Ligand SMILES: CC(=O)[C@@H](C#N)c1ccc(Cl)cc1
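Take a look at this single chain, the form deposited without this ligand, given in C-alpha cells.
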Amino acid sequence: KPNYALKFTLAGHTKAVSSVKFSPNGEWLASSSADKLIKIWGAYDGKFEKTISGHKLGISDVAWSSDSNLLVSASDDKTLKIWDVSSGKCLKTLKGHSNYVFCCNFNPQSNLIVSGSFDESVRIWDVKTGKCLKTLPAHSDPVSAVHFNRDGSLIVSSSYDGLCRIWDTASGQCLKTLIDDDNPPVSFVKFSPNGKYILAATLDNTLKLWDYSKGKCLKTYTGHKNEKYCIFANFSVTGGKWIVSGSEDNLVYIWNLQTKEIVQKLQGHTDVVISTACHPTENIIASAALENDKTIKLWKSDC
C-alpha cells in the first residue's frame, strides 16, 4: 500500500478548479478553472508561477505538449486555445465546435490536438496551423473525454450516450464501439500506459478496465461516489501499480490495479474532487476540487 501524505495546498483560483495536469517533464502543474484562468505551479514545491488568461468563459480541461512548452485549453466559450507556457501568450484559437468544449489532449507526437464537445463531435486539429483536420460525428450526447494512445495511432472517446469508441487517427474511421448492457453515461476514459486497455468511468459509481480489442471487462473499481460529474482517473505507475480517482464524497481514492482493493483514501478537500493527476516520475498526486473548495492539493508517497 502507498502512504500518500498531504504536502501542499495551492490556493488562488477564485472559482471551481476543473482540471490539473503535470507537465511531461515533471517540472510543472497546470490547472484550469471556472474562473476562466489557467495557472502554472511548481510540481515539487507547489509554488505559483503564473496566470494565463484570455478565454471568455470558464475552462473545463487543459493538456500539455510533449516538450512541456505548450498548453491547450477547452472552454465553455466553444473554443480551444493553444498557449506558449513560457510567455503565457495565446498562440492559436481553435474554432469550429458549436457548443462547450469539454475535453482535450495532444498526441504523443504533439503535432495534433483532439477535442470533444457538448456538440457531440470530436475534432482533430493541426497544432502548427490551428486548422481543423477532421470532424467526427462521434456520439449522440456530450463527449466527456478524448485521449490518444501511446503512439498516437488511436483516439478513445467517451460520451453520456454510454459508449466508448476507438478511432483510427489517420482515417477517422471508428474501429470499435464498446457497449456494456444498459450503457450508463460514460463520464471519463483514457488509454492505459501500454495502450492495450482503456479505463472508463460511468455515472453509477464505477470504474472499469477494458481490453477494448477483445471487448472484455477485466477489472472493476468501486467504493467511491460518482453519479454527477466527469471526474478524471489515472494509472499511477511510478511506484506500485494503482488506479487513482476523485470522488463526489470529496476524497481521493486509490485502488490496487490488480486486486481492486481500496488501498488509500486522501482526505482534505471540502468539495467534489473533480480531477487528479499522477506525476510522470515521482510518486506525487495532484488533486483539485470544485466551488466550495477551489484548491489544488499535492500529495507524496514512498511507493
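Numbering starts at 1 and follows the sequence shown.
One more form of this protein exists, namely the form deposited with this ligand bound; it is left out here, but the text below deals with it.
Colleague: Thinking of 193, 237 and 241 as one candidate spot, does this ligand come within 4.5 Å of a heavy atom in every one of them in the deposited bound form?
Modeller: So, yes: the whole triplet contacts this ligand.
Colleague: Could you tell me which stretch in 194-202, 126-134, 175-183, 84-92 has residues with non-hydrogen atoms within 4.5 Å of this ligand in the deposited bound form?
Modeller: In the other structure, the partner sits against 194-202.
Colleague: Is residue 40 near this ligand? Define near as a heavy atom within 4.5 Å, in the deposited bound form.
Modeller: Heavy-atom contact with this ligand at 4.5 Å: absent for residue 40.
Colleague: Should residue 278 be classed as touching this ligand in the deposited bound form when contacts are defined as heavy atoms within 4.5 Å?
Modeller: Heavy-atom contact with this ligand at 4.5 Å: absent for residue 278.
Colleague: Flag residue 257 as yes or no: does it have a non-hydrogen atom within 4.5 angstroms of any non-hydrogen atom of this ligand in the deposited bound form?
Modeller: Yes, residue 257 lies within 4.5 Å of this ligand in the deposited bound form.
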